[PDB]
Amino acid sequence: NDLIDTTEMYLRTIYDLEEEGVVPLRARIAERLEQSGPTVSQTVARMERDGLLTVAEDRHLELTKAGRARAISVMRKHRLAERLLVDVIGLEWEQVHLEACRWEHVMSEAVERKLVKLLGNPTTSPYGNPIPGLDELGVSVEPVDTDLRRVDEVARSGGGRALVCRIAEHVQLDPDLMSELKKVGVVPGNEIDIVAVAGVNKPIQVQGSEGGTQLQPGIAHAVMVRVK
Amino acid sequence: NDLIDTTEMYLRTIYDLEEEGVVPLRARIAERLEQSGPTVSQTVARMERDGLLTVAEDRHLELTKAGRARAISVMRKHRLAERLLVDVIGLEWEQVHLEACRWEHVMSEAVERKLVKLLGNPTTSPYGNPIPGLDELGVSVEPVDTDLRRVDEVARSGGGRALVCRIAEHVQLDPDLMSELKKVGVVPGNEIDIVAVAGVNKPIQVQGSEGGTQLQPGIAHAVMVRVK
Amino acid sequence: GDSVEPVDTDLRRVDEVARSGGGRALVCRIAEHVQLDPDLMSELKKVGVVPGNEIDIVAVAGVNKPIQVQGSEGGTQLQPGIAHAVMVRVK
Amino acid sequence: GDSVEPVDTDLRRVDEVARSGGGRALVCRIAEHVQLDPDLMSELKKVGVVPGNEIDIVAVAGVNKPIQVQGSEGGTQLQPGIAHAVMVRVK
Amino acid sequence: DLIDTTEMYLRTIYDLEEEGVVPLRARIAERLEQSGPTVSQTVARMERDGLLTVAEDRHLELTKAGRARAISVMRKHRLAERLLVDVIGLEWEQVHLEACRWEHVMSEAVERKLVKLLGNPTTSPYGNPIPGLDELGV
Amino acid sequence: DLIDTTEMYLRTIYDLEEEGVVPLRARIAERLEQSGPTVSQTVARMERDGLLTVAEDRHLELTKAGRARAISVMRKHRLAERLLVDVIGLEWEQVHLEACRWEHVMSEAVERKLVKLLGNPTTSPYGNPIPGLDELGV
DNA sequence: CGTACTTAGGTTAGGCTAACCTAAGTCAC
DNA sequence: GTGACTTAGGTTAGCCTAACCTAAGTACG
Ligand SMILES: [Fe+2]
Ligand SMILES: [Fe+2]
Ligand SMILES: [Fe+2]
Ligand SMILES: [Fe+2]
Ligand SMILES: [Fe+2]
Ligand SMILES: [Fe+2]
Ligand SMILES: [Fe+2]
Ligand SMILES: [Fe+2]
């Protein structure tokens, strides 16, 4: 599946991994973007040369000042696009991410500023993810969001009832799953019951308003909640 | 068609082009070895880095001291293999080059020295091409070679009768053609009549002992003769 | 293909209207060629050369000669390549 | 597959002949494993452990213990892995 | 720069047909500011992929598949322009250059949503008819 | 180094069968001096290409196609050895390492010429039978 | 408790197409 | 004699598989 802009997608993939609290290795980009190990190393070496990131001693990818600025720019365009697609155009909830993942590469700042006014200064995407780099456009007290905990960690800690706050970009990549989440009611601003499990690698059981479903460890890790 | 050793074949292709009096450009390697422009530039850049050649301002490839030594080593193995295949094994005249083009990459100096003794200190390949680097093995008055003229240049200069002396590696790559040359009798140590032609890019007509045939400009350029 | 072959056969190019002896016409289409110059598009908006507005096309003679047009809010000069890419209905 | 399963069923490995109480035997096969050590192959040639030569295999007890062999031009010690890869006919 | 080379060559040939200009490779070189060798090589690639043919008079003729793709790109472009002017409120002069990038990333799924939102538009803001609405099902 | 990875893995498995050794990936690691991960990855590739299968007891089993290719390589190897000893006169101890490289580049055309030259040999200079002479037609 | 193998994340060599460039030609009304 | 195009030889960006590595695990008699 075509990336439209390779550089911008590598940057946003590193950003996504930081938001999920995952160590941004080249191995993670290979999995996510379905590219070969050698391809990712060569493209990262090209981005390093252009000064958008650096490979550390422990080999985790570190964005430069320019890299982080560009990554935020792309992610801002992504979540403003998602807002436009949901609130104004009315594209179906499960299809919006894949559309927005293309639009992020072609949107000007000029339009971003027009979308901010049209959408009433939005701060979060339709999936509850905060919209960064709104200062750079020219636009609010940010929520602390330290109370937010990952569904996998809540489950391993003994489960309990919690309010769904964020569904990360990683989860949005599977439309069929996003349809399953919408049906049973694992969406932002809905209460769910997280069943207790023991140890990693085990699929977490969750009970929504309209039934329940199973989340994989990597999916559960990407869903953030506030426990009641 | 697999090269077996990419480096050794790039070196020998540069050597072949020098023997044919052709400017060794990367474009020449691309068409000869049937590889893409980008592939050849990347492989030449890798050989340059290792110090086997350098790219001039006019872009023609220049072998280093180490590069020339390795190129000669490969070509020596090639023409000793060709001698062995014809004189001892008895492989058919038109099939020998392709075989020898693989063997050149796997033969040790140890075997080379044993082949020199077995074949009686040979100085030329079965196609009339001189065997270089015999000094390096530990082995002759070098023929002048200035009286030799290219069949294309003889034809453009008004043609005439001449003795076939060398068939270059370029010509040997087409077995079907080599079979045609053998039949009509355009082989080393045979007299041929080169028909006169006007200007480049014109196919040269030649009359052997057992009939005649047409040579392309690039083929006629690679066949060397001594005019009567 | 209404875009390539107009359904309205009365649609004419500004350059052809000018060369035929000018006239008052309604602006209908501004092609993608004209849109590629933002500064020009601003000038077209300012003087009132926009779809649904009447303009006066001044008569001209000779190819490679710029076409004078008068809009509601003033006038401007179109290059032959630009005037060719604007379509109008003559009133 | 004469190479894998010998057509001559009397062919036995030097290590097995040694462990069974030794004997005089004709060297038949030296496997590719043995050939990979040139220095060893030289030593095998020198003492006369080569195809078509008779050797004496000294009786041995215990696995992972070297096999003593006597050739025409002296004797040598084979490693268990090496002696496993040499095949002989006991005469 | 162009986002999609193939789509921009197709739409450029479509633009020239709308202007009643003879679609030559020389015209694409000017419009997209590319060298003659680049345009000839890219047109040869598109000819090999069966999107157009170079005629005897040398004008570029879109195939069935070439025209179908050119219509698709132009339809997305003019619907994007309608959205950018009528809804988002981007300035009249800046809209085309925005819509020129958006035409390459818009799904038919969004096109059908834009048709409903904009009240079944038939022309762009610049009066140019929207083609291939048949192929959307609207 | 190996010239052909696939052919050397096949011939190494064939070697182990001739020695009456259980052909495990651990054996190929020792013989070819390669890491465990390398051998498992390369064997998985050869399994995918249908040249062998990993059994339940984890011993490597050549397929019909794998055995056919292994025989081809071994035949070329031992004919090369015969030529190198009987004709060229290379030293007895150096021949195998030379023949180990020659086995990857020899055509069946040369094999058939060597069979005639060497007087239809059935064994290598080291007494090992020459397999797949049937497949040459000799 | 080594022996055999897997898991995880690299590497270099050697291939590819798409898509841009210049310099210096040829072909045509 | 200028406009349109070809010939010739490059370039960077962005993909691939094959085939090697280490470090730190798991599984089994
Ligand atoms: Fe998203
Ligand atoms: Fe994207
Ligand atoms: Fe040759
Ligand atoms: Fe070769
Ligand atoms: Fe436009
Ligand atoms: Fe575009
Ligand atoms: Fe051997
Ligand atoms: Fe080998």
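Heavy atoms only: backbone and side chains are in, while hydrogens, waters and symmetry mates are out. Each chain gets a letter, A, B and so on, in the order its sequence line appears, and its residues count up from 1.
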- Are any side-chain N or O atoms of A/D50 and backbone N or O atoms of A/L52, one a donor and one an acceptor, separated by less than 3.5 Å? no
- Query: Does the F/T63 side chain pair with the main chain of F/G50, one donor and one acceptor, at a distance under 3.5 Å?
  - Reply: yes
- C/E32 side chain to E/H77 side chain, donor-acceptor N/O pair below 3.5 angstrom: yes
- Item | Set of residues satisfying side-chain hydrogen bond (donor to acceptor under 3.5 Å, both in side chains) with respect to E/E7, sequence neighbours excluded |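 Checked E/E7 against side-chain hydrogen bond (donor to acceptor under 3.5 Å, both in side chains); matches are E/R69, E/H104.
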Does [X] have any side-chain contact (heavy atoms from CB on, under 4.5 Å) partners at least two apart in sequence or in another chain, and if so, which?
X      : result
F/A70  : F/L10, F/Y14, F/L62
A/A198 : none
E/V21  : C/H84, E/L16, E/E19, E/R27

In whole angstroms, how far is the [atom2] atom of [N] from the [atom1] atom of [X]?
X     : N      : atom1 : atom2 : result
E/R31 : H/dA4  : CZ    : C1'   : 16 Å
E/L24 : G/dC29 : CG    : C1'   : 14 Å
B/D2  : G/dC16 : CG    : P     : 12 Å
E/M8  : G/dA18 : CE    : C1'   : 17 Å
E/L51 : G/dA18 : CG    : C1'   : 14 Å
F/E56 : G/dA4  : CD    : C1'   : 17 Å
F/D57 : G/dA4  : CG    : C1'   : 13 Å

- Query: Any side-chain heavy atom of F/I13 within less than 4.5 Å of one from F/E61?
  - Reply: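 Side chain of F/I13 against side chain of F/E61, heavy atoms only: no contact under 4.5 Å found.
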- Message: Can you confirm whether E/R58 sits close enough to E/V22 that some side-chain heavy atom of one is under 4.5 Å from a side-chain heavy atom of the other?
- Response: no
- Counting just side-chain N and O atoms, does A/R26 come under 4.0 Å of either OP1 or OP2 of G/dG10?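 For G/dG10, OP1 or OP2 has a side-chain N or O of A/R26 closer than 4.0 Å.
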- Establish, with yes or no, whether the OP1 or OP2 oxygen of G/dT6 is under 4.0 angstrom from a side-chain nitrogen or oxygen of F/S40.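 Checking F/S40 against G/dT6: at least one side-chain N or O falls below 4.0 Å of OP1 or OP2.
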- Note on the structure: B/S/- along nucleotides 17-27 of chain H (protein heavy atoms under 4.0 Å) is BBBBBBB----
- Task: Please look at the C1'-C2'-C3'-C4' dihedral of H/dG25 and say whether its sugar is north or south.
- Result: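 Pucker flag: north.
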- Where the sugar of G/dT11 falls when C1'-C2'-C3'-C4' decides north versus south: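 North, since the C1'-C2'-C3'-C4' torsion of G/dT11 has a positive sign.
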- Message: Between F/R58 and A/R28, which residue's closest nucleotide on DNA chain G lies nearer the 5′ terminus?
- Response: F/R58
- Using rotation axes that map the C1' atoms of four end pairs onto the next four (five pairs an end), what angle separates the end axes of the helix from G/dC1-H/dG29 to G/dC29-H/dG1, to 10°?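 Result, rounded to 10 degrees: 20°.
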- Item | B/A27 side-chain proximity, nearest of H/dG10, G/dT11, G/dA4 |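 Looking only at heavy atoms from C-beta outward on B/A27, the closest nucleotide is H/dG10.
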